[PDB]
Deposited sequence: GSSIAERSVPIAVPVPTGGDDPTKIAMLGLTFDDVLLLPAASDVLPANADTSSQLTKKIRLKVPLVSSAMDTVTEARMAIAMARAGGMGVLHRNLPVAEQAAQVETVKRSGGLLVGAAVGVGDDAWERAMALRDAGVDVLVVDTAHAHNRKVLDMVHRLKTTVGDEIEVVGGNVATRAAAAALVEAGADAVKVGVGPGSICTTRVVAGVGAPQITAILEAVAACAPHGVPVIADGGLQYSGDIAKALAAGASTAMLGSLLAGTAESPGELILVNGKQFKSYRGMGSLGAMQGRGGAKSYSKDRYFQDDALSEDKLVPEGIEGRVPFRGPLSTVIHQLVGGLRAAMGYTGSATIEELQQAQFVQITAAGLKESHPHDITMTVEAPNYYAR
């Protein structure tokens, strides 16, 4: 073995991230303005725009969930607050029309009662929200929800970063699998635990377990540019979940911050010291202020539409078949 020892499987793969690849142009009859951007969030739910907002207390409360739904995507309400308050944010969203909404739950002792209160409030999607879903307690929660409320509610499980973990969630009955262990902009799991998986390779592996069973993959974390959305979907994901890219919008929670003559908003990991209030796996930081959500979403979808034009992809299902070129450090 060229890199050491006598076991070829010790270093199991070469992991690529978004910056390691570009989409190749292909024969096209598609105008960007005419592409169909709709895609499956879950087995039963299709969104007009393939984007959802992170379940974080500096990204998604009621106002963000309403704006995301109106723009054709969806919000996932965070769970760092009392059960009755999260349930009330669900009703606030449903009171603003027939708008789709999701909400996060954990696997702790209070997680089941939270899930039932969210169901009573009319939630459309429950997200079993963990850092490591390849675990019996998490698989059991997904299965119990699906068997109990699965006719009226779609159940998402995550997060995973390997083929085997994605396969286990499929078997447990997940309606979608969420992919991302380590890639987030505010994540320190890579340096604190030494654990992670570059996202392009993680998506390719998860899709190999999920697509043959008709289960959509949500790419969660590490997306820095509108072009990364196109890359994640071409690797086989059906939607992307965004934190940093939406945290700078007017609709996110938290105050406007002025430093050195420039405007920012606070953005913090749910594993940071501040959010937990210990060995933190996130930081508390800030992102540039970007203006209204509707305008940010227009620009992000605009980049996706351009990629669909260059690759000849009339639908997101066609984009999932596009090819990459791998690039070097120089490029």
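Missing from the model relative to the deposited sequence are positions 1-14, 292-314, 369-389 (no C-alpha coordinates, numbering from 1).
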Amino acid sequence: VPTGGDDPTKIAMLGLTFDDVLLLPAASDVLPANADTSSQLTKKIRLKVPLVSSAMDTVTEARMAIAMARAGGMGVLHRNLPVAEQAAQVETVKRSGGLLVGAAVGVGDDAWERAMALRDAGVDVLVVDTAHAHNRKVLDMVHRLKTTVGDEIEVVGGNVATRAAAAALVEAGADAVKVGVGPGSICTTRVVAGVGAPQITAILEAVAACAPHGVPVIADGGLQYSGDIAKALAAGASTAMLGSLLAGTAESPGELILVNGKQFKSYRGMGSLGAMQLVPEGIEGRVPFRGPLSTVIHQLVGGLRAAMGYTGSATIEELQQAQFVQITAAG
From here on, numbers count along this sequence of modelled residues.
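Across the other PDB entries of this protein whose models span the neighbouring residues, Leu278 goes unmodelled in a third or more. Higher average CA B factor: 258-266, of the stretches 258-266 and 294-302. Stretches 50-58 and 278-286 differ in mean CA B factor, with 278-286 having the higher one. Taking the deposited Cα B-factors for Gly102, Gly157, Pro82, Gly222, the highest one is held by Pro82. In this entry, the residue among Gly227, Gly73, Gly98, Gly182 with the greatest C-alpha B factor is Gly98.
Sorting the modelled residues of the chain by their CA temperature factor places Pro212 in the middle third.
In the PDB entry, a CA B factor belonging to the highest third of its chain's modelled residues is recorded for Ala330. Looking at the C-alpha B-factors along this chain, the one for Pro198 belongs to the lowest third.
In the deposited entry, the Cα temperature factor of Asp120 places it in the highest third of its chain's modelled residues. In this PDB entry, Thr147 carries a Cα temperature factor that places it within the highest third of its chain's modelled residues.
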